[PDB]
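So the structure is just underneath, and the comments pick up after that.
There are 2 protein chains.
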Amino acid sequence: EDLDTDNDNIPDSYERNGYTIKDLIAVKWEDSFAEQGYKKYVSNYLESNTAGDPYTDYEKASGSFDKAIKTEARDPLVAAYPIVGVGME
Amino acid sequence: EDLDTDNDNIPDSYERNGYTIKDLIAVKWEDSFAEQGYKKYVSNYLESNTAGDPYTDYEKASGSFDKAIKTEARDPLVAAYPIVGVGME
Ligand SMILES: [Ca+2]
Ligand SMILES: [Ca+2]
Ligand SMILES: [Ca+2]
Ligand SMILES: [Ca+2]
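Residue numbers (full-length UniProt numbering), protein chains in the order written: chain U, 217 to 305; chain E, 217 to 305.
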């Protein structure tokens with residue numbers, strides 16, 4: 217309902233069932249939201265960083281991190297992580 | 217009961233007899249919990265770090281540390297301790 221355990225801005229049941237971010241707040245997910253371009257997010261309600269990256273579930277879902285991070289890292293289940301490598305010429 | 221001497225988050229009489237961590241809260245151990253995959257933990261109620269590693273009994277038991285640590289270092293009786301060596305080729 218409104219209980220928060222991992223102490224982010226997303227309640228327990230919202231993460232357990234499904235939520236989306238609009239106007240910088242978390243709301244329950246409804247299937248009619250998809251055709252507006254919204255996305256369905258599920259996270260871990262006992263952890264503040266589900267993926268393990270420095271950014272928390274709220275920051276990732278609401279896109280409050282560095283704006284250069286790819287949009288496919290916004291869902292909490294995908295980690296924001298670089299794969300930098302070196303090649304010789 | 218509810219006394220806490222070493223000032224971790226685990227009560228005095230729980231560490232003496234046995235406890236398990238669920239929902240980030242220490243509870244008494246019942247033998248019916250074993251088939252669910254839970255484990256029985258016993259610690260030292262006069263020390264905040266039974267093994268001597270940097271992580272306390274509560275952090276070790278609840279798995280609230282670096283997620284790269286092996287799961288066999290979660291009971292508060294096995295030290296989280298690396299063994300690093302060098303070999304020449
Ligand atoms: Ca939460
Ligand atoms: Ca979470
Ligand atoms: Ca204690
Ligand atoms: Ca202790």
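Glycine is no exception: its CB is placed at the ideal position from the N, C-alpha and C atoms.
Next on the checklist: On the DSSP bridge list, what partners appear for E:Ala-242?
Outcome noted: Residue pairing from DSSP places E:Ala-242 in a beta bridge opposite E:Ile-237.
Next on the checklist: Short of 6 Å in beta carbon distance, which residues of its chain neighbour E:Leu-219, apart from the five on each side in sequence? Order them along the chain.
Outcome noted: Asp-228
Checklist entry - What's the call for E:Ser-259, buried or exposed, on a 16-neighbour Cβ count within 10 Å? => result buried
Checklist entry - What is the residue span of the alpha helix (DSSP H) that U:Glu-275 lies within? => result 273-278
Checklist entry - For E:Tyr-257, does the three-state DSSP call read helix, strand or coil? => result strand
Item to check | Euclidean distance between Cα positions of U:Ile-237 and U:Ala-250 | outcome: 12 Å
Next on the checklist: When you compare the CB positions of U:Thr-221 and U:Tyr-261, do they come within less than 9 Å of one another, or not?
Outcome noted: Yes. Within cutoff.
Checklist entry - Going by the C-beta, is E:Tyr-261 closer than 8 Å to any heavy atom of ligand 3? => result yes
Checklist entry - Quick one: is the Cβ of E:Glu-217 within less than 8 Å of any heavy atom of ligand 3? => result no
Next on the checklist: By alpha-carbon positions, which one of E:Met-304, E:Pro-298, E:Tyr-254 and E:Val-302 ends up nearest to E:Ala-284?
Outcome noted: E:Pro-298
Item to check | CB-CB length for E:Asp-291 against E:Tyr-254, believed under 8 Å | outcome: At roughly 12 Å, the Cβ-Cβ gap does not stay under 8 Å, so E:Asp-291 and E:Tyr-254 are not in contact.
Checklist entry - Tell me which same chain residues have a C-beta within less than 7 Å of the C-beta of U:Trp-245, skipping the five on either side of it? => result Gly-234, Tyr-235, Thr-236 and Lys-256
Item to check | C-beta contact flag for E:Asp-273 and E:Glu-231 at 9 Å | outcome: yes
Checklist entry - Is U:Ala-267 near U:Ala-242, with beta carbons less than 9 Å apart? => result no
Checklist entry - Excluding the five sequence neighbours on either side, which residues of its own chain have a C-beta within less than 7 Å of the C-beta of E:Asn-223, listed in chain order? => result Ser-264
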